[PDB]
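Keep in mind that the numbers below use all heavy atoms, side chains included, and drop hydrogens, waters and symmetry copies. Order of the sequence lines sets the chain letters (A, B, ...), proteins ahead of strands, with each chain counted from 1.
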Amino acid sequence: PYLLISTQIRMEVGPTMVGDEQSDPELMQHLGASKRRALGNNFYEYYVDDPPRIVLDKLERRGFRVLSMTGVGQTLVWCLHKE
Amino acid sequence: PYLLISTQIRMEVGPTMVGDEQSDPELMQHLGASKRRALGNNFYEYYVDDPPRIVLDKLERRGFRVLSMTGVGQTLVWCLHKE
Amino acid sequence: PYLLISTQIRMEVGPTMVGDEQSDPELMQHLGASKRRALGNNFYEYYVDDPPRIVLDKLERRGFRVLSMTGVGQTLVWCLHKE
Amino acid sequence: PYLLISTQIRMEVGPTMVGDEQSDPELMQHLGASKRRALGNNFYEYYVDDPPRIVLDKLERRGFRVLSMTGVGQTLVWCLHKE
Amino acid sequence: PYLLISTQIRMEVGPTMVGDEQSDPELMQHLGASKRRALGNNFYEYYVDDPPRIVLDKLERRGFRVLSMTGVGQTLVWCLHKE
Ligand SMILES: N[C@@H](Cc1ccccc1)C(=O)O
Ligand SMILES: N[C@@H](Cc1ccccc1)C(=O)O
Ligand SMILES: N[C@@H](Cc1ccccc1)C(=O)O
Ligand SMILES: N[C@@H](Cc1ccccc1)C(=O)O
Ligand SMILES: N[C@@H](Cc1ccccc1)C(=O)O
Ligand SMILES: [K+]
Ligand SMILES: [K+]
Ligand SMILES: [K+]
Ligand SMILES: [K+]
Ligand SMILES: [K+]
């Protein structure tokens with residue numbers, strides 16, 4: 001149902017974080033996401049190389065819509081929901 | 001009827017703050033929230049170990065909808081409303 | 001019709017700013033607000049000791065709805081509208 | 001059809017910026033706005049002394065609705081859209 | 001389709017960034033956008049000289065509506081969606 005995606009520093013370029021370790025594996029696979037650990041983090045996260053505009057387009061085809069977009073520090077976050 | 005939840009530094013990992021001293025004890029119990037008074041604070045707060053995506057999903061099953069999401073400092077906040 | 005409320009540093013505790021000098025005196029009285037002139041300011045504002053979640057609940061009973069919530073600096077602001 | 005208004009430092013006091021060089025002159029006149037090229041700026045801007053709550057009320061009477069409110073630096077911005 | 005546009009420092013003046021390398025070439029041509037690789041960037045971006053209010057008006061004529069507006073660092077971002 002709810003989904004959070006994000007990008008840092010610039011909105012025109014990836015990586016875009018598209019999930020946490022408990023994310024839907026089917027949706028992560030559909031987006032072409034990989035599990036990667038950022039340096040100075042103990043847990044893996046899902047990410048794609050695509051900029052966020054492309055991820056939003058792909059999520060819409062899976063029935064997700066944007067409820068909110070916000071900036072926090074140097075991170076741009078989108079909150080999406082499936083009916 | 002209104003609910004404020006938040007997480008700091010990273011959106012994919014908890015803790016997620018889910019209430020203040022005057023929060024609904026039953027809803028706090030339903031979420032599995034722990035009550036605590038953080039270091040140097042003169043008030044209590046409820047929190048869960050879950051990342052905020054999981055808390056948003058649980059709140060929807062209780063009739064809460066996301067009205068807004070915003071960043072402030074290093075905190076990502078959601079404002080929810082019950083039907 | 002429009003109303004702006006805010007809180008600083010933490011969302012769980014007040015004070016909550018609920019009005020400027022030209023605010024509706026009856027609504028300020030209904031909320032239990034007091035006037036205060038902050039240090040170095042040439043204007044007074046209305047505030048309550050309650051955390052913002054409690055103010056939002058009171059404002060809903062007066063016909064106000066949340067249109068937006070945003071963070072700016074260390075301030076969390078809500079924009080409300082009456083129909 | 002789109003309108004951007006803003007205020008800095010505090011939401012309770014003006015000035016409120018209500019337009020750029022290409023704004024509707026009649027709407028600027030209706031709001032009682034003045035032109036003022038500011039220090040460190042090349043462009044002109046329209047502004048009023050009123051706090052933003054009063055400008056939002058006046059804009060509603062002209063058919064504008066608030067679509068979004070956000071913070072950026074020390075600026076609080078509203079994005080409005082005509083019906 | 002989703003669209004992300006942005007401006008920095010001041011909302012009244014351009015440039016307005018209107019696309020990434022994979023943006024719709026026809027829409028970029030319609031807006032009169034140019035490609036520009038910023039200092040020390042590994043990618044190109046599309047931009048126009050117009051302030052964002054004018055770009056929002058042009059995008060509405062192409063069927064785009066503003067879903068959200070947010071501040072992140074010194075950047076004001078709009079998230080748009082076509083019907
Ligand atoms: N730590 C991130 C901001 C952030 C906070 C909370 C959740 C998500 C992201 C930054 O400085 O860019
Ligand atoms: N103090 C929080 C920001 C904040 C302000 C107001 C209310 C809630 C949170 C931070 O720096 O992360
Ligand atoms: N001055 C406030 C931010 C703010 C800006 C504009 C309007 C309202 C509040 C702070 O630093 O917390
Ligand atoms: N420069 C503004 C922030 C801002 C950025 C982009 C557009 C509008 C305003 C400030 O520091 O308050
Ligand atoms: N780097 C931008 C903020 C930003 C972060 C993420 C995406 C887009 C923009 C700034 O400091 O103004
Ligand atoms: K990025
Ligand atoms: K966290
Ligand atoms: K507070
Ligand atoms: K101000
Ligand atoms: K600009």
Is there a side-chain contact between E:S23 and A:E12 in this structure, where contact means two heavy atoms from C-beta onward sitting under 4.5 Å apart? no
Please look at E:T75 and chain A and tell me whether the side chain, the backbone, both or neither of the residue comes under 4.5 angstrom of a heavy atom of that chain. neither
Part of E:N42 lying under 4.5 Å from any heavy atom of chain A: neither
Heavy-atom pair count under 4.5 Å with chain A, highest-scoring of E:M69, E:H81, E:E21, E:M17: E:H81
Does any non-hydrogen side-chain atom of E:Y2 lie less than 4.5 Å from one of E:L67? yes
Side chain of E:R65, backbone of E:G63: donor and acceptor closer than 3.5 Å? no
Indicate yes or no: at least one non-hydrogen side-chain atom of A:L59 is less than 4.5 angstrom from one of A:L31. yes
Tell me, side chain or backbone of E:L4 under 4.5 Å from chain A's heavy atoms, or both, or neither? both
Contact part of A:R10 toward chain E, heavy-atom cut-off under 4.5 Å: side chain, backbone, both or neither? side chain
Flag side-chain contact, heavy atom, 4.5 Å: A:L56 against A:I5: yes
Side chain from CB out, backbone as N, CA, C, O: work out which of these in A:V13 comes under 4.5 Å of a heavy atom of chain E, or both, or neither. side chain
